[PDB]
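Q: Below is a structure I'd like to ask you about.
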Amino acid sequence: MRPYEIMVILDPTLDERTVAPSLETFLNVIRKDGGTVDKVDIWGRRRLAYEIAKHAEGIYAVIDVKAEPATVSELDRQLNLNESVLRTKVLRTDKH
Amino acid sequence: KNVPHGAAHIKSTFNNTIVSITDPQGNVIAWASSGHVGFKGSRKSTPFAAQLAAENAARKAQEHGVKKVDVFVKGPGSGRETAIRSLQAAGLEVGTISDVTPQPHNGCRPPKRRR
Amino acid sequence: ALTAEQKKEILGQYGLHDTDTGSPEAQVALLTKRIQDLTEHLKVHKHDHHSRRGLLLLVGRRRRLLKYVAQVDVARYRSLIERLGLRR
Amino acid sequence: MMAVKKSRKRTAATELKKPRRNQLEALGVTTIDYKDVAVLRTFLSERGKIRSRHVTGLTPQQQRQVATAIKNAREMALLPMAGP
RNA sequence: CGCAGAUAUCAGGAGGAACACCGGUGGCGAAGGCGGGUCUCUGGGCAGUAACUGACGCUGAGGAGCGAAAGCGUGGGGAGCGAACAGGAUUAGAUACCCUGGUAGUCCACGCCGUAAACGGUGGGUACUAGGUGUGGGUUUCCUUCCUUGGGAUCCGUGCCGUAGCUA
């Protein structure tokens with residue numbers, strides 16, 4: 001599979017008590033595709049460069065994956081269609 | 001009523017000069033310009049117009065109860081610092097300066113050239 | 001694109017022996033594979049002209065190799081051709 | 001003890017000077033990541049804009065890599081871009 | 001244009017084109033041309049190893065295909081700019097420069113035409129032919145820290161100066 005590394009930023013209204021399982025509810029779809037290496041970082045409540053929807057901070061997050069193009073695309077689709085996510089951005093670990 | 005401390009916006013361009021006092025929130029109290037000072041047409045790019053306009057507006061703000069000012073400048077101005085000297089002559093405390101002339105990130109097409 | 005896996009497959013089938021690369025048979029086979037895939041790509045992308053130029057170049061060298069092999073031995077020529085399903 | 005040039009004394013120096021610099025492989029680096037904004041803030045001005053090669057020293061490789069990282073960072077608001 | 005409450009200023013939203021600082025005698029593309037970011041699909045070139053076939057090469061009338069912009073058609077969209085066009089002002093007169101406004105068009109999809117100073121005003125392919133100098137990319141050995149426009153050699157591409165030679 002192809003390696004990828006996803007960023008997500010969230011409103012501070014959520015909490016670290018909710019962060020990881022809330023995302024794993026999505027990522028189970030990928031785990032039932034590849035047995036994919038999920039590996040999360042959480043370093044949040046972090047002030048912003050500039051406000052999005054008048055939010056001074058966000059709950060940053062980094063998600064390392066080894067998966068396939070369709071699965072990353074559908075993940076992105078579900079997340080962006082979610083009510084909670086501010087942003088998401090998708091970058092390939094490999095050479096290109 | 002009154003406000004003791006607020007902010008000031010200074011728009012100097014090629015063919016006119018104008019100022020406005022305002023709260024940090026955005027609510028004006030008082031403004032002036034070279035047209036109200038009396039000059040007309042083509043004379044009112046000179047820094048002398050800036051002196052007189054800023055002076056009148058600062059005195060209006062002294063009337064409405066201002067003592068200190070934040071200052072924000074904008075645009076091609078021969079008499080920016082001239083207006084600044086006029087303000088600080090008028091009896092007001094210069095809070096903070098910032099040369100925010102609005103630059104775009106290579107956006108809307110500007111007009112053509114002249115000759 | 002083409003991977004070592006696919007190339008070794010095609011060279012296992014069409015290669016004279018396990019080393020050959022200059023085999024016109026192998027070369028033609030790989031080019032035709034590449035061209036089939038690229039044509040599938042241009043089904044969707046009708047406008048990737050910068051890729052269509054590569055397509056035409058590959059067709060050129062393909063017909064050159066066929067022309068060589070027909071100059072040499074038409075038996076081998078038509079063997080390869082019937083083996084790949086071309087019309088020429 | 002020695003001059004910036006006429007280095008007839010040491011080996012060919014593994015050191016950098018005012019014309020020559022490859023500042024990232026030189027020092028100030030963990031790895032080129034849009035995550036590490038404290039490092040990317042070094043290749044800017046206070047007004048947020050970006051430096052040049054005859055200012056910094058980088059090769060175009062590192063320059064363009066870093067600029068792309070910076071720009072992704074401004075997109076994800078990890079870095080204070082110049083604005084209102 | 002306002003004096004029916006403008007310009008300015010601030011909070012928000014709607015909206016469509018172009019994407020500063022990187023970025024320039026710098027990279028790619030056969031040519032035209034090509035930069036907001038991310039993903040997908042795909043192509044080309046370079047170097048080294050030089051394992052494989054063993055002259056398969058170069059050119060190319062005719063012919064096919066691509067091809068800046070403006071234009072044309074069906075449809076969509078239309079903030080700014082702006083042919084035409086209206087007015088103002090200069091003017092001897094101004095169907096023109098200047099100012100105010102402003103339609104087609106610029107933009108998207110699908111097709112067309114198929115031209116330009118489409119310029120290096122130098123067709124392509126190839127061998128030898130003094131050098132110096134910057135520069136982009138990849139190899140490699142020595143003072144070797146071996147974290148280096150390191151330095152040297154080499155290969156590819158790219159600019160300046162300059163021998164013989166050549167040219168009215």
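Starting from 1 in every chain, residues are counted up; chains themselves are A, B, ... following the order of the structure tokens, and ligands are numbered from 1 as listed.
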Which residues are close to segment 46-53 of chain B, i.e. within 6 Å by only C-alpha atoms (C1' of nucleotides), leaving aside same-chain residues fewer than 3 positions away? Reply as a list in words.
A: residues 32, 33, 34, 56, 79, 83 and 86 of chain B
Q: Residue 27 of chain A: which residues within 12 Å, counting only C-alpha atoms (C1' of nucleotides), same-chain residues fewer than 4 positions away excluded, as a PyMOL selection string?
A: chain A and resi 6+20-23+31-40+63-67+71-72+74-76+78-79
Q: I need the chain D residues near chain B as an NGL selection string; criterion: at most 12 Å, counting only C-alpha atoms.
A: :D and (47 or 49 or 82-84)
Q: Select, as a PyMOL selection string, those residues of chain D with any atom no more than 7 Å from chain E (distances computed using only C-alpha atoms (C1' of nucleotides)).
A: chain D and resi 11-15+20+26+49-50+67+72
Q: Please report, as a ChimeraX atom specification, each residue of chain C to which DSSP assigns alpha helix (DSSP H) when run on this structure's backbone.
A: /C:4-13,24-44,49-72,74-84
Q: Write a file of the just-selected residues containing C-alpha atoms, as a PDB file, in the first residue's frame.
A:
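Wrote result.pdb, looks like this:
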ATOM      1  CA  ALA C   4       9.996  -4.830 -12.856  1.00  0.00           C
ATOM      2  CA  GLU C   5       7.307  -7.407 -12.100  1.00  0.00           C
ATOM      3  CA  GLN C   6       5.415  -6.808 -15.337  1.00  0.00           C
ATOM      4  CA  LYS C   7       8.596  -6.562 -17.372  1.00  0.00           C
ATOM      5  CA  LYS C   8       9.878  -9.874 -16.024  1.00  0.00           C
ATOM      6  CA  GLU C   9       6.497 -11.422 -16.799  1.00  0.00           C
ATOM      7  CA  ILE C  10       6.645 -10.282 -20.413  1.00  0.00           C
ATOM      8  CA  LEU C  11      10.295 -11.296 -20.700  1.00  0.00           C
ATOM      9  CA  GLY C  12       9.476 -14.707 -19.276  1.00  0.00           C
ATOM     10  CA  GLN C  13       6.854 -15.255 -21.928  1.00  0.00           C
ATOM     11  CA  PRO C  24      12.787  -7.318 -30.800  1.00  0.00           C
ATOM     12  CA  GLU C  25      10.042  -9.661 -29.622  1.00  0.00           C
ATOM     13  CA  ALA C  26      10.372  -8.507 -26.025  1.00  0.00           C
ATOM     14  CA  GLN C  27      10.766  -4.861 -26.965  1.00  0.00           C
ATOM     15  CA  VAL C  28       7.683  -4.899 -29.191  1.00  0.00           C
ATOM     16  CA  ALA C  29       5.670  -6.709 -26.541  1.00  0.00           C
ATOM     17  CA  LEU C  30       6.516  -4.170 -23.868  1.00  0.00           C
ATOM     18  CA  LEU C  31       5.773  -1.248 -26.155  1.00  0.00           C
ATOM     19  CA  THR C  32       2.407  -2.684 -27.113  1.00  0.00           C
ATOM     20  CA  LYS C  33       1.508  -3.275 -23.458  1.00  0.00           C
ATOM     21  CA  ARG C  34       2.460   0.296 -22.632  1.00  0.00           C
ATOM     22  CA  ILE C  35       0.382   1.494 -25.571  1.00  0.00           C
ATOM     23  CA  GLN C  36      -2.703  -0.471 -24.545  1.00  0.00           C
ATOM     24  CA  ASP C  37      -2.525   1.069 -21.077  1.00  0.00           C
ATOM     25  CA  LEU C  38      -1.944   4.556 -22.449  1.00  0.00           C
ATOM     26  CA  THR C  39      -4.900   4.185 -24.793  1.00  0.00           C
ATOM     27  CA  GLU C  40      -7.057   3.248 -21.824  1.00  0.00           C
ATOM     28  CA  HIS C  41      -5.798   6.457 -20.217  1.00  0.00           C
ATOM     29  CA  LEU C  42      -6.685   8.517 -23.270  1.00  0.00           C
ATOM     30  CA  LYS C  43     -10.194   7.088 -23.247  1.00  0.00           C
ATOM     31  CA  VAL C  44     -10.874   9.468 -20.373  1.00  0.00           C
ATOM     32  CA  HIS C  49      -1.502  15.853 -26.152  1.00  0.00           C
ATOM     33  CA  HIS C  50       1.883  15.806 -24.442  1.00  0.00           C
ATOM     34  CA  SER C  51       1.224  12.117 -23.808  1.00  0.00           C
ATOM     35  CA  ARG C  52      -0.143  11.461 -27.283  1.00  0.00           C
ATOM     36  CA  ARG C  53       3.185  12.556 -28.727  1.00  0.00           C
ATOM     37  CA  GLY C  54       4.889   9.829 -26.738  1.00  0.00           C
ATOM     38  CA  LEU C  55       2.266   7.410 -28.015  1.00  0.00           C
ATOM     39  CA  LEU C  56       3.058   8.265 -31.626  1.00  0.00           C
ATOM     40  CA  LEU C  57       6.801   7.940 -31.038  1.00  0.00           C
ATOM     41  CA  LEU C  58       6.318   4.502 -29.534  1.00  0.00           C
ATOM     42  CA  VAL C  59       4.202   3.444 -32.505  1.00  0.00           C
ATOM     43  CA  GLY C  60       6.991   4.642 -34.765  1.00  0.00           C
ATOM     44  CA  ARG C  61       9.688   2.548 -33.161  1.00  0.00           C
ATOM     45  CA  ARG C  62       7.275  -0.389 -32.918  1.00  0.00           C
ATOM     46  CA  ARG C  63       6.729  -0.426 -36.652  1.00  0.00           C
ATOM     47  CA  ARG C  64      10.471   0.015 -37.166  1.00  0.00           C
ATOM     48  CA  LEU C  65      11.194  -3.132 -35.188  1.00  0.00           C
ATOM     49  CA  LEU C  66       8.484  -5.023 -37.052  1.00  0.00           C
ATOM     50  CA  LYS C  67      10.010  -3.793 -40.301  1.00  0.00           C
ATOM     51  CA  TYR C  68      13.433  -5.055 -39.229  1.00  0.00           C
ATOM     52  CA  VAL C  69      12.102  -8.459 -38.269  1.00  0.00           C
ATOM     53  CA  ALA C  70      10.264  -8.768 -41.572  1.00  0.00           C
ATOM     54  CA  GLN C  71      13.437  -7.848 -43.435  1.00  0.00           C
ATOM     55  CA  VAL C  72      15.182 -10.676 -41.600  1.00  0.00           C
ATOM     56  CA  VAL C  74       9.073 -13.428 -41.969  1.00  0.00           C
ATOM     57  CA  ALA C  75       8.421 -16.718 -40.168  1.00  0.00           C
ATOM     58  CA  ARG C  76       9.555 -15.229 -36.861  1.00  0.00           C
ATOM     59  CA  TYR C  77       7.765 -12.001 -37.825  1.00  0.00           C
ATOM     60  CA  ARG C  78       4.331 -13.524 -38.237  1.00  0.00           C
ATOM     61  CA  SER C  79       4.920 -15.841 -35.282  1.00  0.00           C
ATOM     62  CA  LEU C  80       5.343 -12.807 -33.037  1.00  0.00           C
ATOM     63  CA  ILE C  81       2.436 -11.044 -34.725  1.00  0.00           C
ATOM     64  CA  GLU C  82      -0.061 -13.874 -34.361  1.00  0.00           C
ATOM     65  CA  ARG C  83       1.259 -14.278 -30.811  1.00  0.00           C
ATOM     66  CA  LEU C  84       0.409 -10.651 -29.939  1.00  0.00           C
TER      67      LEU C  84
END
Q: Which neighbours of residue 23 of chain D fall inside 12 Å, counting only C-alpha atoms (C1' of nucleotides), when residues of the same chain fewer than 4 positions from it are skipped, and could you give them as a ChimeraX atom specification?
A: /D:15-19,27-29,39,42-43,53-59,62-63,66 /E:147-148
Q: Compile the contact shell of residue 77 of chain E as a ChimeraX atom specification: residues with an atom at most 9 Å away, counting only C-alpha atoms (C1' of nucleotides), same-chain residues fewer than 2 positions apart removed.
A: /E:16,107-108
Q: According to DSSP computed on the backbone, where in segment 2-113 of chain B is there strand (DSSP E)? Give the residues as a list in words.
A: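 Strand (DSSP E) assignments inside segment 2-113 of chain B correspond to residues 5, 6, 7, 8, 9, 10, 11, 12, 17, 18, 19, 20, 21, 22, 28, 29, 30, 31, 32, 33, 68, 69, 70, 71, 72, 73, 74, 93 and 94 of chain B.
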Q: What are the nearest atom pairs, with distances in Å to one decimal, for all residues of chain B that come at most 6 Å from chain E, using only C-alpha atoms (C1' of nucleotides), set out by chain and rising residue number as CSV?
A:
residue,atom,partner,partner_atom,distance
B:26,CA,E:10,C1',4.1
B:105,CA,E:20,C1',4.0
B:106,CA,E:20,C1',5.0
B:107,CA,E:18,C1',4.6
B:108,CA,E:18,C1',6.0
Q: Print the selection's residues with N, CA and C atoms to a file, as a PDB file, in the first residue's frame.
A:
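Result went into part.pdb, see below:
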ATOM      1  N   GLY B  26     -14.300  49.975  15.458  1.00  0.00           N
ATOM      2  CA  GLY B  26     -14.684  50.417  14.130  1.00  0.00           C
ATOM      3  C   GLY B  26     -15.656  51.578  14.114  1.00  0.00           C
ATOM      4  N   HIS B 105      -2.387  39.621  -3.562  1.00  0.00           N
ATOM      5  CA  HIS B 105      -1.561  38.514  -4.027  1.00  0.00           C
ATOM      6  C   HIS B 105      -1.809  38.252  -5.514  1.00  0.00           C
ATOM      7  N   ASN B 106      -1.502  39.275  -6.312  1.00  0.00           N
ATOM      8  CA  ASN B 106      -1.499  39.186  -7.769  1.00  0.00           C
ATOM      9  C   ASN B 106      -2.893  38.826  -8.286  1.00  0.00           C
ATOM     10  N   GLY B 107      -3.867  39.612  -7.848  1.00  0.00           N
ATOM     11  CA  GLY B 107      -5.255  39.311  -8.099  1.00  0.00           C
ATOM     12  C   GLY B 107      -5.848  40.042  -9.276  1.00  0.00           C
ATOM     13  N   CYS B 108      -6.787  40.932  -8.984  1.00  0.00           N
ATOM     14  CA  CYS B 108      -7.602  41.554 -10.009  1.00  0.00           C
ATOM     15  C   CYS B 108      -6.753  42.399 -10.949  1.00  0.00           C
TER      16      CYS B 108
END
Q: Name the residues in contact with residue 33 of chain D at a cut-off of 12 Å, using only C-alpha atoms (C1' of nucleotides), excluding same-chain residues fewer than 5 positions from it; report them as an MDAnalysis selection string.
A: (chainID A and resid 5 91 93) or (chainID D and resid 38:40 62 65:73 78)
Q: Using Å and a single decimal, report how far atom CA of residue 68 of chain B sits from atom CA of residue 4 of chain B.
A: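 Atom-to-atom, atom CA of residue 4 of chain B to atom CA of residue 68 of chain B, that is 6.7 Å.
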Q: With a distance threshold of 8 Å and counting only C-alpha atoms, extract the residues of chain D near chain A and express them as a JSON list (two decimals) with C-alpha atoms, in the first residue's frame.
A:
[["chain", "number", "residue", "atom", "x", "y", "z"],
["D", 74, "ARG", "CA", 0.05, 29.01, 5.68],
["D", 76, "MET", "CA", -3.19, 24.96, 7.38],
["D", 77, "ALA", "CA", -2.74, 28.13, 9.49],
["D", 78, "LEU", "CA", 0.22, 26.68, 11.37],
["D", 79, "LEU", "CA", 2.15, 29.85, 10.50],
["D", 80, "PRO", "CA", 1.18, 33.54, 10.70],
["D", 81, "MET", "CA", 0.81, 34.67, 7.12]]
Q: I'd like the neighbourhood of residue 5 of chain B as a list in words, where a residue qualifies if any of its atoms comes within 8 Å (using only C-alpha atoms (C1' of nucleotides)), though same-chain residues fewer than 4 positions away should be ignored.
A: residues 23, 66, 67, 68, 69 and 70 of chain B
Q: For those residues, write N, CA, C and O atoms to a file as an mmCIF file, in the first residue's frame.
A:
data_model
loop_
_atom_site.group_PDB
_atom_site.id
_atom_site.type_symbol
_atom_site.label_atom_id
_atom_site.label_comp_id
_atom_site.auth_asym_id
_atom_site.auth_seq_id
_atom_site.Cartn_x
_atom_site.Cartn_y
_atom_site.Cartn_z
ATOM 1 N N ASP B 23 -13.070 54.229 17.243
ATOM 2 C CA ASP B 23 -12.768 53.255 18.261
ATOM 3 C C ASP B 23 -11.957 52.119 17.650
ATOM 4 O O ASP B 23 -11.970 51.924 16.433
ATOM 5 N N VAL B 66 -11.194 62.716 23.190
ATOM 6 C CA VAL B 66 -10.080 61.808 22.919
ATOM 7 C C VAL B 66 -8.793 62.428 23.434
ATOM 8 O O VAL B 66 -8.627 63.654 23.415
ATOM 9 N N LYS B 67 -7.881 61.576 23.900
ATOM 10 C CA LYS B 67 -6.590 62.001 24.422
ATOM 11 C C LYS B 67 -5.429 61.190 23.865
ATOM 12 O O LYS B 67 -4.313 61.710 23.756
ATOM 13 N N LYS B 68 -5.659 59.925 23.522
ATOM 14 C CA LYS B 68 -4.661 59.057 22.912
ATOM 15 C C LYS B 68 -5.263 58.400 21.680
ATOM 16 O O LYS B 68 -6.484 58.245 21.586
ATOM 17 N N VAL B 69 -4.402 58.015 20.738
ATOM 18 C CA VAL B 69 -4.830 57.529 19.433
ATOM 19 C C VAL B 69 -3.949 56.364 19.014
ATOM 20 O O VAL B 69 -2.739 56.381 19.251
ATOM 21 N N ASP B 70 -4.561 55.351 18.406
ATOM 22 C CA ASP B 70 -3.862 54.420 17.534
ATOM 23 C C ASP B 70 -3.948 54.912 16.091
ATOM 24 O O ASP B 70 -4.968 55.449 15.656
#
Q: Please indicate the distance in Å from atom CA of residue 84 of chain B to atom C1' of residue 6 of chain E, rounded to one decimal place.
A: 26.8 Å
Q: Could you list, as a ChimeraX atom specification, every residue within 10 Å of residue 100 of chain E, counting only C-alpha atoms (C1' of nucleotides) and ignoring same-chain residues fewer than 6 positions away?
A: /E:1,87-88
Q: Using only C-alpha atoms (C1' of nucleotides), find which residues of chain E lie within 7 Å of chain C and jot them down as a PyMOL selection string.
A: chain E and resi 41-43+52-53+56
Q: Please compute the atom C1' of residue 91 of chain E-atom CA of residue 45 of chain B distance, one decimal, in Å.
A: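 Atom CA of residue 45 of chain B lies at a distance of 28.3 Å from atom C1' of residue 91 of chain E.
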